[PDB]
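A.B. asks: Based on what follows, work out the 3D shape:
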Amino acid sequence: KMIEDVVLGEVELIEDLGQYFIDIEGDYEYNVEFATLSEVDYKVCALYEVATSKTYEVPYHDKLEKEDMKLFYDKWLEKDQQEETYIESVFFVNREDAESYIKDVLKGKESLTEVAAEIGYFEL
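C.D. replies: Residues are numbered from 1 along each chain as shown. Below, you will see the structure:
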């Protein structure tokens, strides 16, 4: 298996490299599963973190339409900032492996619109 045990160091800096959306559920209130890619600088080396989270009961209270997705994004972020949504992390020595993990294992997309389209809220 490809996963090993590591004991991490003292974090100097964390840089968010992007958010990737994995799933959208619901028809009135929405759940949004997502992953965050970060570069974590320790005293002596850096690792890439892929952190999976899930936000529940985003009170968007409207049918999803492609032209409205910034509205949906804002509502999601507003809900996500209110409560603890972190689930788990996998760390990577190199960034290409972390992005491959997001893309082909988690099936994360770079936007909510892409996920909503593949689920079937609308076509793209």
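
A.B. asks: How about the contacts made by residue 100?
C.D. replies: Contacts for residue 100 (CB atoms under 8 Å, 6 or more residues apart in numbering) come out as none. Every residue, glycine included, has its C-beta placed from N, CA and C.

A.B. asks: mind checking how far the residue nearest the centre of the chain is from residue 114?
C.D. replies: Against the mean C-alpha coordinate of the chain, by CA atoms, centre = their mean, the closest residue is residue 35 at 2.2 Å. According to CB to CB, to the nearest Å, residue 35 stands 14 Å off from residue 114.

A.B. asks: picking that back up, could you say which helix or strand holds the residue nearest to the centre of the chain?
C.D. replies: According to DSSP states H and E, residue 35 maps onto strand 30-42.

A.B. asks: What of residue 77?
C.D. replies: With DSSP H and E as the criterion, residue 77 is inside helix 69-82.

A.B. asks: Parallel or antiparallel, which strands does the strand holding residue 35 pair with?
C.D. replies: Strand pairing for strand 30-42, using DSSP bridges, gives strand 11-25 (antiparallel), strand 46-58 (antiparallel).

A.B. asks: In CSV, list these along with mean neighbour count.
C.D. replies: Shown next, in CSV, are the strands paired with strand 30-42 (neighbours: other CB atoms under 10 Å):
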stretch, mean neighbour count
strand 11-25, 15
strand 46-58, 18
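
A.B. asks: For the ones you listed, give me a markdown table that also has distance to residue 97.
C.D. replies: Converted to a markdown table, those look like this (distance: least, CB to CB, whole Å):
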| stretch | distance to residue 97 |
| --- | --- |
| strand 11-25 | 13 |
| strand 46-58 | 8 |
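
A.B. asks: okay, now the closest residue to residue 20 other than its chain neighbours: neighbour count?
C.D. replies: The spatially closest residue to residue 20, leaving aside those adjacent along the chain, is residue 108, at 3.2 Å (CB to CB, 6 or more residues apart in numbering). By other CB atoms under 10 Å, the residues close to residue 108 number 25.

A.B. asks: what does residue 107 give?
C.D. replies: Other residues close to residue 107 by other CB under 10 Å number 14.

A.B. asks: Now for the residue nearest to it when sequence neighbours are not counted: which residues touch it?
C.D. replies: Once flanking residues are discounted, residue 107 sits nearest to residue 22: 6.2 Å by CB to CB, 6+ apart. Going by CB under 8 Å, 6+ apart, residue 22 touches 33-35, 52, 106-109, 115.
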